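Participant: Okay, here's the structure, questions in a sec.
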Amino acid sequence: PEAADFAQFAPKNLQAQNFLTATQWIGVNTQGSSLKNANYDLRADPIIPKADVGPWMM
Amino acid sequence: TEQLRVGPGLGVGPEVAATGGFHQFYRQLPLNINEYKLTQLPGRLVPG
Amino acid sequence: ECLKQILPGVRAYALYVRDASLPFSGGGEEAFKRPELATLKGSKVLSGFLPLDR
Amino acid sequence: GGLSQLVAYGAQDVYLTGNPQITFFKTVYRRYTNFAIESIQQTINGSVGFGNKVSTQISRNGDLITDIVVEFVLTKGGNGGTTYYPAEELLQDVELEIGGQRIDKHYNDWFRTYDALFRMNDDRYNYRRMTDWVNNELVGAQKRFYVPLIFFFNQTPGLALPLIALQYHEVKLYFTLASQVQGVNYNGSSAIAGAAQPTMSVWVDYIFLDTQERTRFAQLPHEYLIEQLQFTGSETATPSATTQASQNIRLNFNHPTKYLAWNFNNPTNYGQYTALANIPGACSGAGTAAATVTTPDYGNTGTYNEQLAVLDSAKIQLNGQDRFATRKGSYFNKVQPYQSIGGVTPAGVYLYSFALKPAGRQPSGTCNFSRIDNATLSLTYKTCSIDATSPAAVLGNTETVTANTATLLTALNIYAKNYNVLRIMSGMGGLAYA
Amino acid sequence: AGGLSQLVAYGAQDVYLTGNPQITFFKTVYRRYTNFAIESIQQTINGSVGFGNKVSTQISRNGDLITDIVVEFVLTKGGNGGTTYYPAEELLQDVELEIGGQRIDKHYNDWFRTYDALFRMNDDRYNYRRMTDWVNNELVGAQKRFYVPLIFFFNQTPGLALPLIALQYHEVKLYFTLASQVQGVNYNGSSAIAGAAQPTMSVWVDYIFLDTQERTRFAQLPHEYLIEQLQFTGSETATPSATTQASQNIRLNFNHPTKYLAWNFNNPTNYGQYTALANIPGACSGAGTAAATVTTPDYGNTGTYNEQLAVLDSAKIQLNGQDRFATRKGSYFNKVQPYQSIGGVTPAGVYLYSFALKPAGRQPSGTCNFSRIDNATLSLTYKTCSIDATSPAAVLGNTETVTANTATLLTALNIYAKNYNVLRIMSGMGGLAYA
Amino acid sequence: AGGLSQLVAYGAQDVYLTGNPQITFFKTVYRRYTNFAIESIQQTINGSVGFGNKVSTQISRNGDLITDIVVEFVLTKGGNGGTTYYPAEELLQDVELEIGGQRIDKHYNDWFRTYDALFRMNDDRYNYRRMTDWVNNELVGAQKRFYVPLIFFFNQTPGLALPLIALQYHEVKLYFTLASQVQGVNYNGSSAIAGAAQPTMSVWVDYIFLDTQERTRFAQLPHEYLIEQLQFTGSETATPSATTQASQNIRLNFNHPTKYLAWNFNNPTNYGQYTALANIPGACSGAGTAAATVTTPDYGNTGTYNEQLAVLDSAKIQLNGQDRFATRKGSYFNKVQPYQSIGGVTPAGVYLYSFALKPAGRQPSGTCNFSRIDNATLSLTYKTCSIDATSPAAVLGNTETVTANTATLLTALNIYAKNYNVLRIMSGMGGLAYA
Amino acid sequence: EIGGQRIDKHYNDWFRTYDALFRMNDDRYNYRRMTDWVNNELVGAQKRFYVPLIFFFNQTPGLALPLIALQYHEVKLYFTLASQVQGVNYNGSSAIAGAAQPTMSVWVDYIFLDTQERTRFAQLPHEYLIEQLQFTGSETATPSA
Amino acid sequence: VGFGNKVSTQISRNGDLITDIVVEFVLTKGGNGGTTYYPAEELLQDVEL
Amino acid sequence: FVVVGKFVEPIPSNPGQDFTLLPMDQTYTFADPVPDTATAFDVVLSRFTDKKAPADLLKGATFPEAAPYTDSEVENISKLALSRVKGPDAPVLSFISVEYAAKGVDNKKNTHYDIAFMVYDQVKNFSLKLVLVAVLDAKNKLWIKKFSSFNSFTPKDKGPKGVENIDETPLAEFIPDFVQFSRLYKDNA
């Protein structure tokens, strides 16, 4: 809602700028764990099938 | 205003001024808490 | 998530250019506004003399 | 430094800051209507004096009214330690009548109970400053007291009484002044020779509205959800030294009730809700040889010392069924107000709420006693076996006992604060339910 | 039975409370807010700190918005317990808030004392006292770190945080004047304390670090903040005496929508003394014994709730020469006004008259716009100052219309008014909508 | 004249306050709410109670939602007045909140003391003390029923009432550990009190009974509650010394979005002792007389506001080695932080650092997520403990950076933090979203 | 603790009770050799002790805890150290002046699986039959003469 | 309640049916053993339903 | 659901008279749980007003008539209007007095009236203030333009919401960018 479409703005070619700042996603874990990214095992560590199920399995 | 002056009697909506006299019929039983924590194990026999 | 940063990103840039390019914001007296006294004493300033009617 | 907290953003923060809805760094003040407030003196009809009845009619000076403060001027009939909230005691009662209908009525004891239970901290202290002598003043000292009223319209502007909408009804406050006020004109039962009669003045704070709002009040019908006090006095089962008295007191109350409040008292001594004893502050001369455990230290009449209270336990039942499990008296004195008010309640004063927040104005759960055939408060009293003249007997004793002087607390006062609707229209007002 | 028995007994009277229900109480929806962080940054003080000196600081651009400001002091007791009274508050003689050279507001040591006396309360007030005084019977030579929070509009709520980031062209400065003397620290009454230490001072500002989306808006967009300002003038108090009830009509040179007026009478010699001195416990140096004097206060007990030592018999305020309300006793303005409007307990000698329903809050709730009033006047009647202050019986047993003979020492009157204005910030600059 | 003379004085400066009005204060519309009732119901304690016992209760499905919980205890004094300090609080060593076997939260007796020290105030604080201690000069053998309210998120507000009803397959339990010893009840310092009675105990849960429409929604709909949790770790204090300023780098093994972090330094021997003992009134057993000792506290007056007896000199919190704020005095955490964030008064020896604007409330209003901070550290600097605790001149006349020699006994450090997690309920079961 | 849930909890007394009932012969002796001084060591003697844990996964490979399958949950051990230990820092009720504070270290034996086995453990759901210890303390009815 | 007084009660509606009714009295002996004869009965002079 | 029968008993020997003791069911409902103030009277009295037949398009410029109103044209047309309330379920509405009575004389020999009066409903035991805007032609025909209850003529709007607390300061809106966080998460899949 803020900033009412300014069609009279001339620099509409903002291609020379990189707006993405990936500073908040540096060093995250699965959800909220804290283990300093835990790069301990010198292996590939395969993908675990975490299915969004309820509190029980079945 | 009208000054309703509701009388005694529970277990019903506000449209009833009075329901019971000295003893209303509405009664509530306790929920019998921890009823699931009782197993009710049956009895069995031994080899004759 | 990218749009959460970009859409405000674009806004920030466009407003930046306004300020980078134009003096102060490019605005007028709206920005350079002195306080209004806004009191009534001046309402009682009276004329010193009355001219003859013509 | 602070920047590292902004950076340290995780999945857990989505519930706190994802897709922001609000900000803490911007406040919006809401534009309001135009009004002004003025304090105007009312005329008192009748005759001011101890034991006399007086009344006042609120003059139609403003559009709405809120606060009412009664001024009294009293002199001390003895030294510091002889009075206890004497202006509170003096205003024996006050009745609020609109167009001849009784909307509400308060008693000196209610003011004491209400304060003891619902006010707190410095508000309570300032209140005491306006109703008593708190700087060790001496005999002959003169002081003006201010006793605020606590009727629904005196609690919040939100319930300002729309006098403008009451063209056909007068609003009157009827007052009864106490026959005696401790430390002012009487000392215990003894009259104080030469004591001065009170000077009284009633002040009403009026709201003056601008045109649009004033018009709405005058032309719209209104329904105010207001509070009323119900009160009855009862004979207290007399506790004794050998047995624990118990009593079933029928709660002859009606209407959606936010809470019940009660106390036991010695009607001789205003504000005495506890037993007296020879321990500091618990009686006149307490702590020494001259101590009298039958005469309170009036200036220190109230106390938080539960040992001197008389309620062992209590429950409320409705139509013979338990409302809640029986709890010890100290629960109604300490926990109830801890949970529902957030202040500290003096020993001997008890509360049981049917509401989440009874101290507020917004309804938050009520017990409608109009729908109960037999509402009863069941009290169990403590055993009054302690020799009050022996501090060891008092201070080192058990849970279920109290002072032998506790049997003097024979007056049982039960209050119920409820909701009703005061509807104003046709230039007249009146209650939705009786 | 149990709670269900209350729930089931629903009647006609309950319709107004729960019929066609709109809300519940048992489920709270918290709103999602922006990311932010708060950090305490030390500011540089220009000028020499010391007694009687004037120093200043410019708030750095170390965050985007600011709120709390705390001025720290290190003081050393120049005497024993009971010789000081809120000395850090006394020391900070005044504080001026200027944005771009434009005075936004200004506080005085006395205002800090009045403000506290009038608006803080209970444990808040006590904790405040702990941050400005010695309250545990500390002795001579004791050294302590004091904290004096500022009370400007942006120092009270995050909602009014000053957007320094939006003030790119204007600097924000705080000018602080330190008192020439502080009781019990470098002077004892009028006497200097040999060997007294100079204060050490530091100014701390709590900064708000915004995330990108909000930071941008603050830097780039215009803002409007409804703010509070303090108006203040000093006056000579008509001197009351043993022989008379002095009267005085004080024109109130105030402007803007005003929430309230506040005032006190005082003895400029003794900071915080708003009442007469007397030989009653806590009312004078040595009260209760042979050495008692009613020429010097018990400094640690300078303030009091004993109305008998106050000097205002009655007062009214007129607007354009007309009564605004009926004349009321000084005790009304001391006890009832703040009862009604604040809810705390105001010390004797400090008075309030509100135009607002809740002047202690942020939201405007009725104001007196003095820019639209030609003659606002405060009319005061003083008490007869006939009581012999050296005789506690004379004081404790006195009447409503009289006070201590020592009450004539309260010759200074401080009248304050707190009002609203609008702080506008645009294109890197800022100032107020009204003068 | 009168109020109308103010009302008429409307001008341009009032437009921001009253033009195109949005609200009025003269007419309140109360909201119609849902039907409910509240009942206080005793729960069954499984396991013997007494000193050193550990018991638990399962909250029965009497009502639909649960809030306030009070643990009743009956204790008898093992000595005279002045020998106990919040003994019912000391007695309840800890309480663990578990749903479906998952730990949701857990409080400790010291937490209750720390929490109170920071967040309760005025008469609430006093009334609380009345429910956990003897405050009317009771003597040996005195018996009282004590009430220890729990302070879990659902025990504070109806807004977070725990939806016991929506947890059809999960049990909600509370585990209570009772202290092996309670000062002035069964022990006096290290000595046991012969003949001391064992406590009686009962747990009371206040249940909310909902009507059909609301009850059904709670039972059937999924829920997400934003709740608070306590994190706690004990540390050994770098032993304070008379020879230097001890210092310590404490890893902050904390996680989750934290509203605040708080800590205290104590002598584990004496519950609630957060300060050094000294021969000044109230600061030690027998203080002020010949019998005074600085090895035993005046238990009834264990707490104090005299920071001179607090050990911490200064502190900072670092996040990933970066100072999160400039180093501030221990007195800054003790007095200013709670002034700013709570509004109460904090006892000496207890320190608070907020990451939130209003940590005393429910709305997060700013948090520090320690699950995203690889290595947070609390860095504490201690005072030099060179003051002769037995000599008031030294105890009271000393400098900012020193404390009592007896401060060396404050060898325990308790660090607490409050953070936000989400209690989710779905398909009849529930627990916390983040482990 | 796994995922915030208490899986189990042992007490020093349990270790003593457990040993009293389930260890034996040289196993019991060797155990004592790892937790005590059994060769008549004298005051001032220093010794490293090895206290094995007895949780279900500490007893058999068969119940090895699949840390690999717990990607979103942490596994923690909380250890409480006694305020006093006889013959170490206390002698009956008396503190021993000069007693040293303990040094502590926790060692975990980790199983490294090859690719096929590791992948299955990481990806498949598991049901491990485990043991838990329930424990409460009680007052002993005291007998007399 | 006292000697020579008339007192009464309305039976409450707590249950559905009523059977046994017992009037309890607490009396003290004004003399030694042998001086009373079924005094609780003597005291309850009459009961009207 | 209660069963009431005849109670078969033997014939009385000497007399024929006895105590009947008829059954009674003591229970009373309300017509509405909330008390009616003026709405029911507003609809019943609104259906008794005349149509557009008066044709008194002119403003009238009614002026008040200060008098005790003992027996004049105002109370006469008020009683004439109250006598027109003769419906099947219409209330009795006993007349009491008149306050704020205004008369206007139209140049076409007409007499308009704005009469506010008080009525007392005896069946409902309460009073109401009614507004009667009625004109009178030269042929004694009394046309009623609007006959309803006072306080029912509400103003245009009720501006202020009527906040309950004195100072609470609700949280301000975030006011996001071009998509306002709704179309952002809704447009993407």
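Going down the list, the protein sequences come from chains l5, b6, c9, g3, d5, j1, g5, d6 and a5. Note that PDB author numbering has the first sequence beginning at 136, numbered continuously upward. Note that PDB author numbering has the second sequence beginning at 193, numbered continuously upward. Note that PDB author numbering has the third sequence beginning at 117, numbered continuously upward. Note that PDB author numbering has the fourth sequence beginning at 3, numbered continuously upward. Note that PDB author numbering has the fifth sequence beginning at 2, numbered continuously upward. Note that PDB author numbering has the sixth sequence beginning at 2, numbered continuously upward. Note that PDB author numbering has the seventh sequence beginning at 99, numbered continuously upward. Note that PDB author numbering has the eighth sequence beginning at 50, numbered continuously upward. Note that PDB author numbering has the ninth sequence beginning at 26, numbered continuously upward. Don't be surprised by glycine CBs; every beta carbon is placed ideally from N, CA and C.
Kindly list, in the order they appear in chain l5, the residues whose Cβ is closer than 8 angstroms to that of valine 30 (chain g3).
Facilitator: Here residue 30 (chain g3) refers to the residue found at position 28 when the fourth sequence is read from its first residue. In chain order: nothing, as chain l5 lies at least about 15 angstroms away.
Participant: Can you confirm whether the region 174–188 of chain j1 touches the region 88–100 of chain j1 when touching is taken to mean that 3 or more C-beta pairs between the two stretches lie within less than 8 angstroms?
Facilitator: yes
Participant: Whole angstroms are fine: how far does the CA of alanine 279 (chain g3) sit from the CA of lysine 384 (chain g3)?
Facilitator: As a working note, residue 384 (chain g3) is residue 382 in the fourth sequence. As a working note, residue 279 (chain g3) is residue 277 in the fourth sequence. If you take the alpha carbons of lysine 384 (chain g3) and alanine 279 (chain g3), they lie about 16 angstroms apart.
Participant: I think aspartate 212 (chain j1) touches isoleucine 39 (chain j1), with their Cβ atoms under 8 angstroms apart; what is that distance to the nearest whole Å?
Facilitator: For the purposes of this step, residue 212 (chain j1) is taken as residue 211 along the sixth sequence, with counting starting at 1. For the purposes of this step, residue 39 (chain j1) is taken as residue 38 along the sixth sequence, with counting starting at 1. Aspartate 212 (chain j1) to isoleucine 39 (chain j1), Cβ: 13 angstroms. No contact.
Participant: Any Cβ of chain d5 within less than 8 angstroms of the Cβ of residue 234 (chain a5)?
Facilitator: Beyond the ends of chain a5 as shown, which are 26 and 214, falls residue 234 (chain a5); an answer cannot be given.
Participant: Looking at the secondary structure, which residues open and close the alpha helix (DSSP H) in which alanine 394 (chain g3) lies?
Facilitator: On the fourth sequence, position 392 is the one that residue 394 (chain g3) refers to. Where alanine 394 (chain g3) is concerned, the enclosing alpha helix (DSSP H) stretches over 393–397.
Participant: Checking 8 angstroms against the spacing of the C-beta atoms, do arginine 329 (chain j1) and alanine 316 (chain j1) come in under that value?
Facilitator: As a first step, residue 329 (chain j1) is located in the sixth sequence; it is residue number 328 there, counting from the start. As a first step, residue 316 (chain j1) is located in the sixth sequence; it is residue number 315 there, counting from the start. Going by C-beta atoms, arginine 329 (chain j1) is nearer than 8 angstroms to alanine 316 (chain j1).
Participant: If you count every other CB in all the chains shown that lies within 10 Å of the CB of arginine 32 (chain j1), and 16 or more means buried, which is it?
Facilitator: Within the sixth sequence, residue 32 (chain j1) is the residue found at index 31, counting from 1. Its Cβ having fewer than 16 others within 10 Å, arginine 32 (chain j1) is exposed.
Participant: Could you tell me which chain j1 residues have their CB closer than 7 angstroms to the CB of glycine 142 (chain d5), listed as they occur along the chain?
Facilitator: As a working note, residue 142 (chain d5) is residue 141 in the fifth sequence. What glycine 142 (chain d5) touches in chain j1: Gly398.
Participant: Give the residues of chain b6 in contact with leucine 433 (chain g3), contact being defined as C-beta atoms less than 8 angstroms apart.
Facilitator: In the fourth sequence, counting from the first residue as 1, residue 433 (chain g3) sits at position 431. Under the 8 angstroms cutoff, chain b6 gives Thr193 and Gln195.
Participant: What are the start and end residues of the alpha helix (DSSP H) that includes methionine 132 (chain g5)?
Facilitator: Taking the first residue of the seventh sequence as position 1, residue 132 (chain g5) is located at position 34. Segment 123–133, the alpha helix (DSSP H) holding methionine 132 (chain g5).
Participant: Decide if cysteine 118 (chain c9) is buried, meaning its Cβ has at least 16 other Cβ atoms within 10 Å, or exposed.
Facilitator: By 1-based counting over the third sequence, the position of residue 118 (chain c9) is 2. Looking at its Cβ environment, which holds fewer than 16 other Cβ atoms inside 10 Å, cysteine 118 (chain c9) is exposed.
Participant: Run through DSSP, which three-state label would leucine 161 (chain d5) get?
Facilitator: Position 160 of the fifth sequence, counting from 1, holds the residue named residue 161 (chain d5). Note: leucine 161 (chain d5) maps to helix in three-state DSSP.
Participant: Looking at the secondary structure, which residues open and close the alpha helix (DSSP H) in which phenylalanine 199 (chain a5) lies?
Facilitator: For the purposes of this step, residue 199 (chain a5) is identified with residue 174 of the ninth sequence, where counting begins at 1. Neither: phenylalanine 199 (chain a5) is in no alpha helix (DSSP H) and is coded neither H nor E.
Participant: Use the C-beta contact count for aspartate 114 (chain a5): other C-beta atoms within 10 angstroms, 16 or more gives buried, fewer gives exposed.
Facilitator: For this step, residue 114 (chain a5) is matched to residue 89 along the ninth sequence. Exposed, because fewer than 16 other Cβ atoms sit within 10 Å of the Cβ of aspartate 114 (chain a5).
Participant: Just the C-alpha distance for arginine 62 (chain d6) and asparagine 265 (chain g3), rounded to the nearest angstrom, thanks.
Facilitator: Your numbering for residue 62 (chain d6) matches position 13 in the eighth sequence. Your numbering for residue 265 (chain g3) matches position 263 in the fourth sequence. So the alpha carbons of these two residues sit roughly 28 angstroms apart.
Participant: For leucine 153 (chain a5) and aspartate 162 (chain a5), which I take to be in contact (beta-carbon distance under 8 angstroms), what is that distance rounded to the nearest angstrom?
Facilitator: Along the ninth sequence, read from residue 1 onward, the residue named residue 153 (chain a5) stands at position 128. Along the ninth sequence, read from residue 1 onward, the residue named residue 162 (chain a5) stands at position 137. Wrong, their Cβ atoms sit about 28 angstroms apart, outside the cutoff.
Participant: So if DSSP puts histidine 224 (chain j1) in a beta bridge, which residue, or which two residues, is it bridged to?
Facilitator: What you label residue 224 (chain j1) is simply residue 223 of the sixth sequence in a count that begins at 1. Note: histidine 224 (chain j1) sits in a beta bridge opposite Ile426 (chain j1).
Participant: Do you know how far the Cα of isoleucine 343 (chain d5) is from the Cα of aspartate 117 (chain d5)?
Facilitator: As a first step, residue 117 (chain d5) must be located in the fifth sequence, where it is residue number 116. As a first step, residue 343 (chain d5) must be located in the fifth sequence, where it is residue number 342. Cα to Cα, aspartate 117 (chain d5) sits roughly 12 angstroms from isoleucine 343 (chain d5).
Participant: Whole angstroms are fine: how far does the CA of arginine 208 (chain a5) sit from the CA of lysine 107 (chain g5)?
Facilitator: If you number the seventh sequence from 1, residue 107 (chain g5) lands on position 9. If you number the ninth sequence from 1, residue 208 (chain a5) lands on position 183. Roughly 50 angstroms between the two C-alpha positions.
Participant: If you follow the alpha helix (DSSP H) that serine 6 (chain j1) is in, where does it begin and where does it stop?
Facilitator: Position 5 of the sixth sequence holds residue 6 (chain j1). Here the alpha helix (DSSP H) through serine 6 (chain j1) covers 5–8.
Participant: Which full runs of the beta strand (DSSP E) of 3+ residues lie inside the region 173–234 of chain j1, going along the chain?
Facilitator: 173–179 and 201–211
Participant: Does any residue of chain d5 have a CB that is nearer than 8 angstroms to the CB of residue 450 (chain j1)?
Facilitator: Given that chain j1 is displayed from residue 2 to residue 436, the structure contains no residue 450 (chain j1) and the question cannot be resolved.
Participant: Using C-beta distances below 8 angstroms, list every residue in its chain close to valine 149 (chain g5), excluding the 5 sequence neighbours before and after it, in chain order.
Facilitator: Mapped onto the seventh sequence, residue 149 (chain g5) falls at position 51. So the list reads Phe113, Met132 and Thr133, once near-sequence residues are dropped.
Participant: Closer than 7 angstroms by beta-carbon distance: list the chain g3 residues that pair up with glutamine 159 (chain l5), in chain order.
Facilitator: To locate residue 159 (chain l5), count along the first sequence from 1; it is residue 24. Within chain g3, the residues near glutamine 159 (chain l5) are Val9 and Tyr11.
Participant: Spatial neighbours of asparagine 138 (chain d5) within its chain, please: CB distance less than 6 angstroms, with the 5 preceding and 5 following residues excluded, ordered by chain position.
Facilitator: Position 137 of the fifth sequence, counted from the first residue, corresponds to residue 138 (chain d5). For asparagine 138 (chain d5), same chain residues with a beta-carbon under 6 angstroms away, outside a window of 5 residues either side, are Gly82 in chain order.
Participant: Run through DSSP, which three-state label would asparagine 224 (chain b6) get?
Facilitator: On the second sequence, position 32 is the one that residue 224 (chain b6) refers to. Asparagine 224 (chain b6) falls in the coil class under three-state DSSP.
Participant: With a cut-off of 8 angstroms on the beta carbons, I'd call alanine 436 (chain g3) and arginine 197 (chain b6) a contact; round off their distance for me.
Facilitator: As a first step, residue 436 (chain g3) is located in the fourth sequence; it is residue number 434 there, counting from the start. As a first step, residue 197 (chain b6) is located in the second sequence; it is residue number 5 there, counting from the start. About 4 angstroms; that satisfies the 8 angstroms criterion.
Participant: Determine which residues share a DSSP beta bridge with residue 439 (chain j1) and list them.
Facilitator: Nothing about residue 439 (chain j1) can be reported from this structure: the residues present for chain j1 run from 2 to 436 only.
Participant: Along chain b6, which residues have their Cβ under 8 angstroms away from the Cβ of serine 61 (chain j1)?
Facilitator: The residue you call residue 61 (chain j1) lines up with position 60 of the sixth sequence. In chain order: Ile225 and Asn226.
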